[PDB]
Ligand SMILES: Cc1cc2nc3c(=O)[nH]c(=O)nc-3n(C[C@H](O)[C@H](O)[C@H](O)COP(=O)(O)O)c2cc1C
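A single chain comes next, written as structure tokens; it is the form deposited without flavin mononucleotide (FMN).
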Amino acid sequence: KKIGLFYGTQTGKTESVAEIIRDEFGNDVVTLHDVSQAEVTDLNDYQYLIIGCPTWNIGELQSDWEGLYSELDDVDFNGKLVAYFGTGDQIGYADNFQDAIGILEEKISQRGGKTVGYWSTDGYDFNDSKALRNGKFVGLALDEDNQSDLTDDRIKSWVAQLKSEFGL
């Protein structure tokens, strides 16, 4: 009813975590939007947004998101609070871990969106990332391939943070 969570997914992990986040916020505050069936104008309807996108391409964006990305310039994000989350593999993609959310945030923040939910890089083993802002990632970095045992605690802590930041 108030937070629009727009996600794209390749093997379904970002979708299942979107469902967990929805449940963690509760009181049906978040409405899930699979980007494969969305319009860019759908983003304009919210003041609070959570962007979900995994990184599996070493120089490209997830297909569903790639299509939409080109049209981001069509929406004014000024005044909107935006959070980001994504899946990836820190070991197999050491120099590009979570690049996707970094690319998305850079474009959305340039259009006026205010980033909220910065997440610590501590506890990860990688080299570089376009999501790196130095000290923190622009959003929650999940790794189901190497750190699936840490996912639930990570989601729980990040939502508690987002609850204070989004003013819930």
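We number the residues from 1 along the sequence you see.
Of the two stretches examined, 32-40 and 99-107, the record assigns the greater average C-alpha temperature factor to 32-40.
When 121-129 is weighed against 56-64, 56-64 comes out higher, by mean CA B-factor as recorded in the entry. The entry lists a Cα temperature factor for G135 that places it in the middle third of the chain's modelled residues. Residue-level temperature factors show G8 in the lowest third of its chain, judged at the C-alpha atom.
When the modelled residues of the chain are ordered by their C-alpha B factor, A83 lands in the lowest third.
Split the chain's modelled residues into thirds by C-alpha temperature factor. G113 is in the lowest one.
Looking at the C-alpha B-factors along this chain, the one for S16 belongs to the highest third.
Omitted from view is the form deposited with flavin mononucleotide (FMN) bound, to which the following refers.
Placing flavin mononucleotide (FMN) onto this chain by superimposing the site C-alphas, using its pose in the deposited bound form, gives at least 3 ligand atoms within 2.4 angstroms of backbone or C-beta atoms, which makes the site blocked. The closest non-hydrogen atom of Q10 lies within 4.5 Å of flavin mononucleotide (FMN) in the deposited bound form. In the deposited bound form, no heavy atom of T115 sits within 4.5 Å of flavin mononucleotide (FMN). Contact between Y84 and flavin mononucleotide (FMN) in the deposited bound form is not found at the 4.5 Å heavy atom cutoff.
The shortest heavy atom separation between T31 and flavin mononucleotide (FMN) in the deposited bound form exceeds 4.5 Å. Contact with flavin mononucleotide (FMN), judged by heavy atoms within 4.5 Å in the deposited bound form, is confined among 32-40, 106-114, 52-60, 65-73 to 52-60.
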